[PDB]
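Peer 1: Quick one: the structure is below, questions incoming.
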Amino acid sequence: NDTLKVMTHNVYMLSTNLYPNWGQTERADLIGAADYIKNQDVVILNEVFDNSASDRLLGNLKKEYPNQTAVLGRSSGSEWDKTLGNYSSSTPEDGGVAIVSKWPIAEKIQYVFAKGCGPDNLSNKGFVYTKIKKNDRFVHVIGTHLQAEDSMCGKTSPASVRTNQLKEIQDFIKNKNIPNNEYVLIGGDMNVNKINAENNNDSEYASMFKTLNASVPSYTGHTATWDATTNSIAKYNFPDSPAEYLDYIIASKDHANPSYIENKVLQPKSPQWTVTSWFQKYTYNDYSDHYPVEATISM
Ligand SMILES: [Co+2]
Ligand SMILES: [Co+2]
Ligand SMILES: [Co+2]
């Protein structure tokens with residue numbers, strides 16, 4: 001139909017071995033049945049860390065999105081066409097990134113970043129590359145989740161680490177020799193804040209597009225993707241943190257340049273769910289502490 005619909009959503013599914021009461025299992029069902037995640041061509045998921053809940057979610061999304069990748073950094077067998085980067089089978093946690101699609105996935109590649117804040121690789125953070133055949137056309141979708149802000153980051157800063165991670169993504173894209181007439185999208189929680197930096201050509205926000213050689217999309221919908229002022233989980237965790245705009249889906253300019261590409265932030269609310277933590281009961285109506293970003297790409 002000459003329109004590509006891609007969504008990315010950091011679903012906040014921390015391991016239940018470390019965070020027992022965040023309703024991971026129930027939200028796997030709520031998200032899986034949610035209306036906001038339907039009718040897409042491809043969906044990028046971030047933070048699908050908990051093994052049981054993530055597999056449950058993927059299972060719930062199987063009907064509409066039967067073509068799925070394994071979760072970044074959880075395994076390294078034939079389920080991946082290639083396992084690149086600093087992959088380690090002994091990390092305490094996986095990368096929490098996965099891509100599902102209603103269309104056949106021709107190639108699945110996982111790549112683990114060389115570095116992050118801290119000298120050790122304890123989560124195989126990185127990206128997932130997919131070559132997808134969407135109605136007689138091959139599109140390329142890379143899903144990722146970049147280094148978060150960390151008080152401790154050695155002699156380097158979170159921004160410098162993210163730039164290096166973005167560099168690995170771009171270097172991989174160039175090396176792949178993808179036809180320049182096919183669409184190449186990079187999406188996920190970049191942990192790069194757009195708020196108050198959209199007009200600053202020197203902001204980390206501006207550098208993101210330069211490093212990935214990507215174009216800037218048209219922005220619609222809500223004004224933030226991690227908002228403690230409207231999101232129930234974010235409010236619980238960080239009541240006074242200003243809203244931030246951290247999730248994106250952008251296109252490589254070294255390939256097919258979309259005549260139009262939009263990133264819309266949605267604010268879907270989930271059915272009410274409750275958890276008990278330290279003898280105190282809490283109720284929420286959000287699927288995650290992050291809001292999903294829905295992209296419309298004209299092809
Ligand atoms: Co998070
Ligand atoms: Co895991
Ligand atoms: Co976050």
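Residue numbering restarts at 1 in every chain; chains get A, B, ... in the order shown in the structure tokens, and ligands count up from 1 in that same order.
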May I have a table of the residues of chain A lying at most 9 Å from ligand 1, giving each one's closest pair of atoms and their distance in Å to one decimal, counting only C-alpha atoms and all ligand atoms, ordered by chain and ascending residue number, as CSV?

Peer 2:
```
residue,atom,partner,partner_atom_place_in_ligand_line,distance
A:10,CA,ligand 1,1 (Co),7.0
A:11,CA,ligand 1,1 (Co),8.0
A:12,CA,ligand 1,1 (Co),5.5
A:13,CA,ligand 1,1 (Co),8.4
A:14,CA,ligand 1,1 (Co),8.2
A:46,CA,ligand 1,1 (Co),8.6
A:47,CA,ligand 1,1 (Co),6.8
A:148,CA,ligand 1,1 (Co),8.4
A:189,CA,ligand 1,1 (Co),8.9
A:288,CA,ligand 1,1 (Co),8.7
A:289,CA,ligand 1,1 (Co),7.2
A:290,CA,ligand 1,1 (Co),7.5
```

Peer 1: Show which residues sit within 7 Å of residue A:95, as JSON, numbers by chain. Count only C-alpha atoms, and ignore same-chain residues fewer than 4 positions away.

Peer 2: {"A": [49, 72, 73, 123, 124, 125, 126]}

Peer 1: Ligand 2: which residues are within 6 Å, counting only C-alpha atoms and all ligand atoms, as a PyMOL selection string?

Peer 2: chain A and resi 49-51+93-94

Peer 1: Those selected residues, please, written with N, CA and C atoms and delivered as a PDB file, in the first residue's frame.

Peer 2:
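What ended up in again00.pdb:
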```
ATOM      1  N   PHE A  49      13.333  -7.919  29.187  1.00  0.00           N
ATOM      2  CA  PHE A  49      14.352  -8.618  29.973  1.00  0.00           C
ATOM      3  C   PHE A  49      13.879  -9.907  30.639  1.00  0.00           C
ATOM      4  N   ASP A  50      12.789  -9.829  31.394  1.00  0.00           N
ATOM      5  CA  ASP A  50      12.301 -11.019  32.078  1.00  0.00           C
ATOM      6  C   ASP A  50      12.039 -12.111  31.049  1.00  0.00           C
ATOM      7  N   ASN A  51      12.711 -13.248  31.198  1.00  0.00           N
ATOM      8  CA  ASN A  51      12.549 -14.331  30.237  1.00  0.00           C
ATOM      9  C   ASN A  51      11.128 -14.868  30.127  1.00  0.00           C
ATOM     10  N   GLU A  93      22.133 -10.810  32.440  1.00  0.00           N
ATOM     11  CA  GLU A  93      20.885 -10.484  31.756  1.00  0.00           C
ATOM     12  C   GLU A  93      21.067 -10.335  30.241  1.00  0.00           C
ATOM     13  N   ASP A  94      19.971 -10.428  29.493  1.00  0.00           N
ATOM     14  CA  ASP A  94      20.040 -10.277  28.041  1.00  0.00           C
ATOM     15  C   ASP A  94      19.849  -8.808  27.672  1.00  0.00           C
TER      16      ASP A  94
END
```

Peer 1: Could you tell me, counting only C-alpha atoms and all ligand atoms, which protein and nucleic acid residues lie no more than 12 Å from ligand 3, written as a PyMOL selection string?

Peer 2: chain A and resi 9-14+46-47+145-150+188-193+224-228+231+233-234+237-238+241+243-247+288-292

Peer 1: When you count only C-alpha atoms, which of these residues is closest to residue A:139: A:42, A:18, A:184, A:297?

Peer 2: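 Answer, going by the shortest atom-to-atom distance: A:184.
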
Peer 1: Enumerate as a VMD selection string all residues of stretch 35-262 of chain A assigned to alpha helix (DSSP H) by DSSP on the backbone, naming them with the chain letters and numbers the document uses.

Peer 2: chain A and resid 51 to 61 158 to 176 204 to 212 232 to 237

Peer 1: Applying 6 Å and only C-alpha atoms, which residues near residue A:265 remain after dropping the ones on its own chain fewer than 3 positions away? List them as a list in words.

Peer 2: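 With the cut-off at 6 Å, the set is residues 221, 222 and 293 of chain A.
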
Peer 1: Contacts of stretch 213-220 of chain A at 12 Å or less, counting only C-alpha atoms, minus same-chain residues fewer than 6 places along, as a PyMOL selection string?

Peer 2: chain A and resi 166-167+169-171+173-174+183-187+194+198+205-207+245+247-267+293-298

Peer 1: Neighbours of residue A:130 within 7 Å (only C-alpha atoms; same-chain residues fewer than 3 positions away dropped), as a list in words?

Peer 2: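 Near neighbours after the sequence-gap exclusion: residues 105, 107, 108, 109, 140, 141 and 142 of chain A.
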
Peer 1: Given only C-alpha atoms as the basis, pick out the residue of A:179, A:116, A:239, A:143 nearest to residue A:160.

Peer 2: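 Of A:179, A:116, A:239, A:143, the one nearest residue A:160, counting only C-alpha atoms, is A:116.
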
Peer 1: Looking at only C-alpha atoms, which of A:128, A:30, A:92, A:62 is the one that sits closest to residue A:271?

Peer 2: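 Of all the options, A:30 lies closest to residue A:271.
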
Peer 1: Which of these, A:60, A:91, A:4, A:74, has the shortest distance to residue A:34 once you count only C-alpha atoms?

Peer 2: A:60
